[PDB]
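Q: 3D, please:
(11 chains, ligands or ions: 132)
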Amino acid sequence: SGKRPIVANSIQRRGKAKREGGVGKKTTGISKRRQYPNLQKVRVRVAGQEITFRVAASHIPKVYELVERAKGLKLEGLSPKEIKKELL
Amino acid sequence: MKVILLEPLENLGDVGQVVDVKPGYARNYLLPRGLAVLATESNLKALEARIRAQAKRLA
RNA sequence: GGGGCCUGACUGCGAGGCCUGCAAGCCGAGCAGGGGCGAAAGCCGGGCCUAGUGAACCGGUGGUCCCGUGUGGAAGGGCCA
RNA sequence: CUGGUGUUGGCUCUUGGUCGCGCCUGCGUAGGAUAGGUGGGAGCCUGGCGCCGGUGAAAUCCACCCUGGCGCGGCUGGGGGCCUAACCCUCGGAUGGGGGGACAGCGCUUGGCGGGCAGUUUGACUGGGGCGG
RNA sequence: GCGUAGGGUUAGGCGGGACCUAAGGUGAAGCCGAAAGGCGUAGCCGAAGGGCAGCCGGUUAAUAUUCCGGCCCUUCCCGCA
RNA sequence: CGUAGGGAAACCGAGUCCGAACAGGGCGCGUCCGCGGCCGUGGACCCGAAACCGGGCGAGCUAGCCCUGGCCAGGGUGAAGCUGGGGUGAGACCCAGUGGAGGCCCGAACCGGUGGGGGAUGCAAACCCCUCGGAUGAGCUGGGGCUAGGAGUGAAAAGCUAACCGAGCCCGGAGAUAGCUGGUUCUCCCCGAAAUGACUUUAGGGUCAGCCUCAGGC
RNA sequence: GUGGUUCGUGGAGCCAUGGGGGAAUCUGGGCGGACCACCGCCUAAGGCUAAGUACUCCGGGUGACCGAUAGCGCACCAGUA
RNA sequence: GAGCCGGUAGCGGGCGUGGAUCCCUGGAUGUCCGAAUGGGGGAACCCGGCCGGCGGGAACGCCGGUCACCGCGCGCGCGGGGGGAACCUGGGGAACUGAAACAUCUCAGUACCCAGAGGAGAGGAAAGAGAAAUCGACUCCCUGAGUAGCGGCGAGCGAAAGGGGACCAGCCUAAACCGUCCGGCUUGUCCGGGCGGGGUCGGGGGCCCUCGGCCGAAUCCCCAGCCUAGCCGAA
RNA sequence: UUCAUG
RNA sequence: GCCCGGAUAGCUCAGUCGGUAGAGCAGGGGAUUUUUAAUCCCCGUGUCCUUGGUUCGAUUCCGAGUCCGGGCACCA
RNA sequence: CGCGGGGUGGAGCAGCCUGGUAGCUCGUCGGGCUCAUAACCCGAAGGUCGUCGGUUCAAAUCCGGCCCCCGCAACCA
Ligand SMILES: [Mg+2]
Ligand SMILES: [Mg+2]
Ligand SMILES: [Mg+2]
Ligand SMILES: [Mg+2]
Ligand SMILES: [Mg+2]
Ligand SMILES: [Mg+2]
Ligand SMILES: [Mg+2]
Ligand SMILES: [Mg+2]
Ligand SMILES: [Mg+2]
Ligand SMILES: [Mg+2]
Ligand SMILES: [Mg+2]
Ligand SMILES: [Mg+2]
Ligand SMILES: [Mg+2]
Ligand SMILES: [Mg+2]
Ligand SMILES: [Mg+2]
Ligand SMILES: [Mg+2]
Ligand SMILES: [Mg+2]
Ligand SMILES: [Mg+2]
Ligand SMILES: [Mg+2]
Ligand SMILES: [Mg+2]
Ligand SMILES: [Mg+2]
Ligand SMILES: [Mg+2]
Ligand SMILES: [Mg+2]
Ligand SMILES: [Mg+2]
Ligand SMILES: [Mg+2]
Ligand SMILES: [Mg+2]
Ligand SMILES: [Mg+2]
Ligand SMILES: [Mg+2]
Ligand SMILES: [Mg+2]
Ligand SMILES: [Mg+2]
Ligand SMILES: [Mg+2]
Ligand SMILES: [Mg+2]
Ligand SMILES: [Mg+2]
Ligand SMILES: [Mg+2]
Ligand SMILES: [Mg+2]
Ligand SMILES: [Mg+2]
Ligand SMILES: [Mg+2]
Ligand SMILES: [Mg+2]
Ligand SMILES: [Mg+2]
Ligand SMILES: [Mg+2]
Ligand SMILES: [Mg+2]
Ligand SMILES: [Mg+2]
Ligand SMILES: [Mg+2]
Ligand SMILES: [Mg+2]
Ligand SMILES: [Mg+2]
Ligand SMILES: [Mg+2]
Ligand SMILES: [Mg+2]
Ligand SMILES: [Mg+2]
Ligand SMILES: [Mg+2]
Ligand SMILES: [Mg+2]
Ligand SMILES: [Mg+2]
Ligand SMILES: [Mg+2]
Ligand SMILES: [Mg+2]
Ligand SMILES: [Mg+2]
Ligand SMILES: [Mg+2]
Ligand SMILES: [Mg+2]
Ligand SMILES: [Mg+2]
Ligand SMILES: [Mg+2]
Ligand SMILES: [Mg+2]
Ligand SMILES: [Mg+2]
Ligand SMILES: [Mg+2]
Ligand SMILES: [Mg+2]
Ligand SMILES: [Mg+2]
Ligand SMILES: [Mg+2]
Ligand SMILES: [Mg+2]
Ligand SMILES: [Mg+2]
Ligand SMILES: [Mg+2]
Ligand SMILES: [Mg+2]
Ligand SMILES: [Mg+2]
Ligand SMILES: [Mg+2]
Ligand SMILES: [Mg+2]
Ligand SMILES: [Mg+2]
Ligand SMILES: [Mg+2]
Ligand SMILES: [Mg+2]
Ligand SMILES: [Mg+2]
Ligand SMILES: [Mg+2]
Ligand SMILES: [Mg+2]
Ligand SMILES: [Mg+2]
Ligand SMILES: [Mg+2]
Ligand SMILES: [Mg+2]
Ligand SMILES: [Mg+2]
Ligand SMILES: [Mg+2]
Ligand SMILES: [Mg+2]
Ligand SMILES: [Mg+2]
Ligand SMILES: [Mg+2]
Ligand SMILES: [Mg+2]
Ligand SMILES: [Mg+2]
Ligand SMILES: [Mg+2]
Ligand SMILES: [Mg+2]
Ligand SMILES: [Mg+2]
Ligand SMILES: [Mg+2]
Ligand SMILES: [Mg+2]
Ligand SMILES: [Mg+2]
Ligand SMILES: [Mg+2]
Ligand SMILES: [Mg+2]
Ligand SMILES: [Mg+2]
Ligand SMILES: [Mg+2]
Ligand SMILES: [Mg+2]
Ligand SMILES: [Mg+2]
Ligand SMILES: [Mg+2]
Ligand SMILES: [Mg+2]
Ligand SMILES: [Mg+2]
Ligand SMILES: [Mg+2]
Ligand SMILES: [Mg+2]
Ligand SMILES: [Mg+2]
Ligand SMILES: [Mg+2]
Ligand SMILES: [Mg+2]
Ligand SMILES: [Mg+2]
Ligand SMILES: [Mg+2]
Ligand SMILES: [Mg+2]
Ligand SMILES: [Mg+2]
Ligand SMILES: [Mg+2]
Ligand SMILES: [Mg+2]
Ligand SMILES: [Mg+2]
Ligand SMILES: [Mg+2]
Ligand SMILES: [Mg+2]
Ligand SMILES: [Mg+2]
Ligand SMILES: [Mg+2]
Ligand SMILES: [Mg+2]
Ligand SMILES: [Mg+2]
Ligand SMILES: [Mg+2]
Ligand SMILES: [Mg+2]
Ligand SMILES: [Mg+2]
Ligand SMILES: [Mg+2]
Ligand SMILES: [Mg+2]
Ligand SMILES: [Mg+2]
Ligand SMILES: [Mg+2]
Ligand SMILES: [Mg+2]
Ligand SMILES: [Mg+2]
Ligand SMILES: [Mg+2]
Ligand SMILES: [Mg+2]
Ligand SMILES: [Mg+2]
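A: Numbers count the residues shown, from 1 in each chain, chains lettered A, B, ... in the order given. Ligands and ions are numbered 1, 2, ... in the order given. And now the structure:
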């Protein structure tokens, strides 16, 4: 997917099982295949002027923290570079 | 999610009525319609900079 | 076959063998604890005998003077059933 | 495909667990008598007795309240709406206009369906092998 | 037609490029992908398709719509009207 | 490493453990090199797979499609129309003419390959001759392009995809694996088997015992 | 929900983190292998940090390394025909 | 320091003890392609624009500059782009094999692909390790040890502590607070934004009055020494 | 209102 | 292996949320009866699974046990 | 030629549970109805349970095995 303020997606195994499970009886595993857990992504739209992010939606309050700002500069037309490099 | 209210609204009305609205209600209606701001500590003392200039300065 | 009394269809072991490629399988006098039966000698560690079964592993269940990840304890293990 | 939550909101109409609240509920007898279970048991309104007498248990008053049901409300879980701001599709290009609309899309996760795809297994003696045993 | 050496391929007009697009590429913008990259608007590339000014004869050992002979024609630039 | 071992362990110790047991029984004392035999993991004695997977390279053959060009000699049948006539109330309809339609007919190029013959270390890793099928169409073909490996493409045969496709080729994992077949290279001397039992997803293999050899002790 | 570590769900801590809930800043917070209470240990969610180590296209020397089928695939005009 | 004009052998043609040939170092020219970078491209070719130059000329020419794209700060400027036999880190990541079948597992986080980076990379100063009123960054080697363990408890995989060594080193930042300044507003004795000053278990820091106080870089110029040509070298 | 044949 | 529900007549079942035991079908008898059904009226085949227990008296409530119908779950 | 499946009343079939408790429809016989046959109604009755041998207290039941009948196979060459 993407990143915009966070780290990219990861790679998981699956690890199926078909058992009772230790606290009942004998356990097992079955098949270790690669689920590819694409991280939660939401196109958020903010009004710096018209700006759009692909933010992680556990980081929507973080991008509203980034919008609750006044970084002294007017419009070149696009400008998320000064919103993302004046991030901490 | 607490917001300081700046306008009348039905079932949450007074200015400074810091009501725990739902997050989508905050970040989708009130924040693009000016009716409320997020009640962090810095914006809470920015509210307080007006509360000190209004409430104890009418009297 | 019948009658009486019962629980030895015990717990610890077990010299010695049989057998076998190992693993298994089988017999086992004797000693102790504690009983059964009998007056006592003795016999009884399942059935007249050879079939009626299943290594391991992983679990369960009941105990246990064992281990308990610094220490006390639990989790979970072991051990015995 | 599907539930849960995320993005994901607003305002309403209704079904249970609920926390206590309480006008109230319990009825084969002998008995003024809209009869519950257990205890306090010497009366309590401006007009009602308890021992009046008989009971497995005496009643009044008043709790613990059981069994519910009725409503009054917060912790509520649901299913039905209407809205528009998320979101999506759009529109002789629009900070806007529609329309869908908290649904879809998409994230995780639960369960399912799943030869569409994949990794494999499909024993041995066997008077060849298979069938049979 | 093999070996050695030497010659030989002459274009404003023929075919391409200083022109154009088709399929398809590439691709600013924009989108999406873990990265490689995959798309994609405009644009550009893309050709025996469109468009564009030439015919006839001779010459050596080889070239000739190129060289040369005749006639014609095209673009551009400058000057005059 | 070895000097202490038992036990699952706490632990105890020439003892330990099972146990109530001071019955019984189980178990109870060298290294470092060199060299050799052998074994383990190594590719492990060498050759050889069919294959599997990763990354690439190919649609100049062929299969399809897209764009753009071309090609199809010649005859023949004679459709709809159209024209005139017949007909009728008007028509439908029916005649002649005209017209030129067709996955129409015969047929060359062209495409193909039906039957036979030749060819068979060929002329040719698919040919030649005779004969055939289509030949104005679902045609053929040049150019420009697209699609690719469990994928393309397929008027479907599992065909085609660079001369062998039930999953291309090349490199890499990779010296894959092979209980299989082949092969194993100087000389002498001594001793010398087995093809049986048990067990095997085991029957051509293996573990153990049987038979064999070597060294030591008796 | 998974990966890493010896750890394959196990008694699963720890380190990372894709989803969801979601704090405090020293009477904070994490860790000492479920967890809990004592005793310790240590400060996450910001970054840099030589040195020693791996390597060998390269240059040099070294060889109980090869001597043209060997040694690199090439001692030669070879990654050539 | 006397022969040369490369692998010369041949035209004979020159050139050198006023110093050549060579070798090293530093420049210059480096056509065209290539990250290719003006645009196109079927690489080594075409087609340009702007400026400056040669009826050589206004048209075609040629020369010499400059013309990609991206990232960083104020039209303006410094980097990046690709390559490299291996080595390394991160993102992905098999399968044959082995388990005498096989699926968990193993092969293996191997090969391979991608990114990045450099002479190394990585990691790194403790929210560490785990039994010691202990060790004190990280890395590497040997031990630990095939141990502890993990394990269809099969196949197999397999640490870490401790302990020897090498090497040695610690540091910057909001472990808040003060001023600065484009603007924020409800002109607030104030929100966040850039710096700057503070700040790094006389447990830390900022703020409040005693008792005042310089060690040394990883950074920088230096210098040996090292190479990159060689030279003298006994009989 | 049922019900086949000599 | 746990988890539900049930044991009521010859059979299938409801239970005033303790004060009375019941349907429906079957069986029989009776009425009409061309045929058999259908219809009509009336009776039963009844320790309400077994005991223990709580209550004044138990199908009801409580536990145990047995058969009894399932639901899931592993299955070394 | 080898598996597996049946044999039960005149016929077609239930069956029969570790073995002891055998039937259903039609057919049959007798009656009733009918002028008479159908149909219908009422009473019963009928079977060595494929032969055979086996363990059994006892076989139709269970174990073989043999004869008819059924369903299957009889493939790779
Ligand atoms: Mg497992
Ligand atoms: Mg695997
Ligand atoms: Mg949105
Ligand atoms: Mg007796
Ligand atoms: Mg033995
Ligand atoms: Mg034995
Ligand atoms: Mg035996
Ligand atoms: Mg016996
Ligand atoms: Mg096993
Ligand atoms: Mg520990
Ligand atoms: Mg402990
Ligand atoms: Mg014992
Ligand atoms: Mg209203
Ligand atoms: Mg009530
Ligand atoms: Mg009485
Ligand atoms: Mg009520
Ligand atoms: Mg209500
Ligand atoms: Mg409600
Ligand atoms: Mg609506
Ligand atoms: Mg709109
Ligand atoms: Mg399936
Ligand atoms: Mg398959
Ligand atoms: Mg495999
Ligand atoms: Mg066989
Ligand atoms: Mg056979
Ligand atoms: Mg020649
Ligand atoms: Mg001309
Ligand atoms: Mg031309
Ligand atoms: Mg030009
Ligand atoms: Mg062009
Ligand atoms: Mg186009
Ligand atoms: Mg593209
Ligand atoms: Mg362009
Ligand atoms: Mg052209
Ligand atoms: Mg043309
Ligand atoms: Mg010629
Ligand atoms: Mg010519
Ligand atoms: Mg002319
Ligand atoms: Mg002893
Ligand atoms: Mg040796
Ligand atoms: Mg495989
Ligand atoms: Mg390709
Ligand atoms: Mg082609
Ligand atoms: Mg085709
Ligand atoms: Mg006509
Ligand atoms: Mg015609
Ligand atoms: Mg035709
Ligand atoms: Mg063909
Ligand atoms: Mg042919
Ligand atoms: Mg023909
Ligand atoms: Mg033909
Ligand atoms: Mg034809
Ligand atoms: Mg024809
Ligand atoms: Mg024709
Ligand atoms: Mg074509
Ligand atoms: Mg082509
Ligand atoms: Mg195919
Ligand atoms: Mg082929
Ligand atoms: Mg195949
Ligand atoms: Mg393939
Ligand atoms: Mg091989
Ligand atoms: Mg391998
Ligand atoms: Mg001899
Ligand atoms: Mg074998
Ligand atoms: Mg042997
Ligand atoms: Mg011998
Ligand atoms: Mg020997
Ligand atoms: Mg374990
Ligand atoms: Mg504290
Ligand atoms: Mg922590
Ligand atoms: Mg710690
Ligand atoms: Mg913790
Ligand atoms: Mg601990
Ligand atoms: Mg470094
Ligand atoms: Mg080192
Ligand atoms: Mg050398
Ligand atoms: Mg030699
Ligand atoms: Mg030599
Ligand atoms: Mg040679
Ligand atoms: Mg060689
Ligand atoms: Mg030679
Ligand atoms: Mg060469
Ligand atoms: Mg020369
Ligand atoms: Mg000089
Ligand atoms: Mg010179
Ligand atoms: Mg020179
Ligand atoms: Mg120059
Ligand atoms: Mg260029
Ligand atoms: Mg270009
Ligand atoms: Mg070119
Ligand atoms: Mg001049
Ligand atoms: Mg000039
Ligand atoms: Mg230029
Ligand atoms: Mg600088
Ligand atoms: Mg690079
Ligand atoms: Mg595998
Ligand atoms: Mg295997
Ligand atoms: Mg296998
Ligand atoms: Mg591994
Ligand atoms: Mg370094
Ligand atoms: Mg670092
Ligand atoms: Mg530290
Ligand atoms: Mg180590
Ligand atoms: Mg250490
Ligand atoms: Mg150390
Ligand atoms: Mg130091
Ligand atoms: Mg500020
Ligand atoms: Mg500071
Ligand atoms: Mg002070
Ligand atoms: Mg100096
Ligand atoms: Mg010096
Ligand atoms: Mg030198
Ligand atoms: Mg000298
Ligand atoms: Mg000398
Ligand atoms: Mg009737
Ligand atoms: Mg009738
Ligand atoms: Mg008749
Ligand atoms: Mg008559
Ligand atoms: Mg009942
Ligand atoms: Mg009953
Ligand atoms: Mg009930
Ligand atoms: Mg009825
Ligand atoms: Mg009835
Ligand atoms: Mg009755
Ligand atoms: Mg009764
Ligand atoms: Mg009862
Ligand atoms: Mg009772
Ligand atoms: Mg089971
Ligand atoms: Mg019968
Ligand atoms: Mg019969
Ligand atoms: Mg009759
Ligand atoms: Mg056949």
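
Q: From here on, just use CA atoms for contacts and neighbour counts.
A: OK.

Q: Enumerate the residues of chain A near RNA strand G.
A: Counting by Cα under 7 Å from any atom of the strand, chain A comes close to RNA strand G at A:6-17, A:21-23, A:26-29, A:32, A:37-41, A:56-58.

Q: ok, and the closest non-adjacent residue to the residue sitting furthest away from the middle of chain A?
A: Distance from the centre of chain A peaks at residue A:25, with 38.6 Å (Cα atoms, centre = their mean). Closest residue in space to residue A:25, ignoring its immediate chain neighbours: residue A:19 at 8.0 Å, by Cα to Cα, 6 or more residues apart in numbering or on different chains.

Q: Report the separation between the one you found and residue A:26.
A: Going from residue A:19 to residue A:26 by Cα to Cα, to the nearest Å gives 7 Å.

Q: Name the residue in the two with the higher neighbour count.
A: residue A:19 (13 against 10; other Cα atoms under 10 Å in any protein chain shown).

Q: The more buried one and residue A:12, how far apart?
A: 21 Å.

Q: Can you tell me how far whatever residue of chain A ends up closest to RNA strand E is from residue A:7?
A: Taking Cα to the nearest atom of the strand, RNA strand E has its nearest neighbour within chain A at residue A:1, 3.5 Å off. For residue A:1, the distance to residue A:7 equals 10 Å [Cα to Cα].

Q: got it, and residue B:6?
A: From residue B:6 to residue A:7 the distance is 36 Å (Cα to Cα).

Q: Between these two, tell me which one has more neighbours.
A: Taking other Cα under 10 Å, residue B:6 and residue A:7 do not tie; residue B:6 has more neighbours (17 against 10).

Q: how close does the more buried one get to residue A:34?
A: Residue B:6 is 50 Å from residue A:34, where distance means Cα to Cα.

Q: Not counting its own residues, what contacts the longest helix along chain A?
A: Ordering each helix of chain A by length in residues (DSSP state H) puts helix A:60-67 first. Residues outside helix A:60-67 that contact it (Cα atoms under 8 Å, 6 or more residues apart in numbering or on different chains) are A:44, A:46, A:48, A:55, A:83, A:87.

Q: and what of stretch A:13-30?
A: A:31, A:32, A:33, A:34, A:35, A:36.
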